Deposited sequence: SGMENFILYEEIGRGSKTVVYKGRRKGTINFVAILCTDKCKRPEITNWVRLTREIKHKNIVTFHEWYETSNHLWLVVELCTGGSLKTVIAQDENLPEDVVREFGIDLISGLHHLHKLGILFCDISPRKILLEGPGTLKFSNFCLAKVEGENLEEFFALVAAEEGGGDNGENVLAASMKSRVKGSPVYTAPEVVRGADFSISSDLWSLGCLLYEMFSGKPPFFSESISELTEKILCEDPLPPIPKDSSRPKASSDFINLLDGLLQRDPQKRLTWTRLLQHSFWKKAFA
């Protein structure tokens, strides 16, 4: 029963109060990723499970099981041996536009599936995207995701109560936060599409469109700065196509009423009719 049913192999990743192992279900050849964490993370794990447990999609990490032992919580999910998108970007320094398009089609498929269900990812970022290998990107961390309109602090507090402080724990990365959210609005489908624009920009250029180590500077850049066009760190490499620049200009509109819609996003020339 429970974790008795799994072989644990090497550690493949770590986080705060967290270790991820490669594992295998005993009596099978089914390999899994097993996240082992402190019980204080029950709100984050419960949220991840409740949002994804019934999702079966190629571009979203599959849920299998979660279990509790005397001193740990355990989450058993799909194994992705290709690492994070953050590592891919750091290695190549910059990705060719054809690769960005291929990866982008994966990101679109997964995000479209979530938004259809009313699920906001809220912290779209390279470290929360895993690769199957060679490609096949998957959204892979739902601690901070939520259903549209939900108060996630309230949800975290309710989980913690059964067993204001939560306003901090629900904070993801500020780098990809849409301007309207910086200004106090709640996350939305449109703010996720902004973050997608930041991610596509970073995949091609190797760096996010708006970045500062300082928080106050980053806030001002998101609200004032115009980032186009993305230029690879390797200045000798090909420049962005006019279709790709046009796509980013639509996604990185600061005014969400002017931002590219899903319907226009899927029809955009950059995808070369991938969604026709």
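Can you list the gaps, in order, where the deposited sequence has no modelled residues?
In the chain as deposited, only 164 to 174 carries no coordinates.
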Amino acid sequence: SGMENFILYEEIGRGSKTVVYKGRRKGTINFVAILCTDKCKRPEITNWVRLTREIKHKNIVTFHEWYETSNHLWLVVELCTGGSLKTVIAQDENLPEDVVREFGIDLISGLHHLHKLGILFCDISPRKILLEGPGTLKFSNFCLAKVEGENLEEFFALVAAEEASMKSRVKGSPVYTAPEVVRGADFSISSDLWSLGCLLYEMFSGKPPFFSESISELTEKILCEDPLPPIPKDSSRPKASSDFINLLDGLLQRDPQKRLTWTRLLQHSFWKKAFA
From here on, numbers count along this sequence of modelled residues.
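Please compare 143 to 151 with 93 to 101 and say which has the higher mean C-alpha temperature factor in the record.
According to the entry, 93 to 101 carries the higher average C-alpha B-factor.
If you average the Cα B factors in the entry, which is higher, 185 to 193 or 127 to 135?
The stretch with the larger average C-alpha B-factor is 127 to 135.
Of the choices 69, 28, 37, 241, which one's C-alpha carries the largest B-factor in the record?
Across 69, 28, 37, 241, the entry lists the biggest C-alpha B-factor for 241.
Of 164, 203, 79, 178, which one's C-alpha B factor is largest in the deposited record?
The C-alpha B-factor peaks, among 164, 203, 79, 178, at 164.
Taking the entry's C-alpha B-factors for this chain, is residue 44 in the lowest, middle or highest third?
Middle third, going by the recorded CA B-factors of the chain.
Would you mind checking where the Cα B-factor of residue 54 ranks among the modelled residues of its chain, as the lowest, middle or highest third?
Middle third.
Determine, from the deposited record, the chain-internal third of the Cα B-factor for residue 109: lowest, middle or highest.
CA B-factor rank for residue 109: lowest third.
Ranking every modelled residue in this chain by its Cα temperature factor as given in the entry, which third contains residue 247?
Residue 247: CA B-factor falls in the middle third of its chain.
Would you check the entry's CA temperature factor for residue 88 and let me know if it's in the chain's lowest, middle or highest third?
Its C-alpha B-factor belongs to the highest third of this chain's values.
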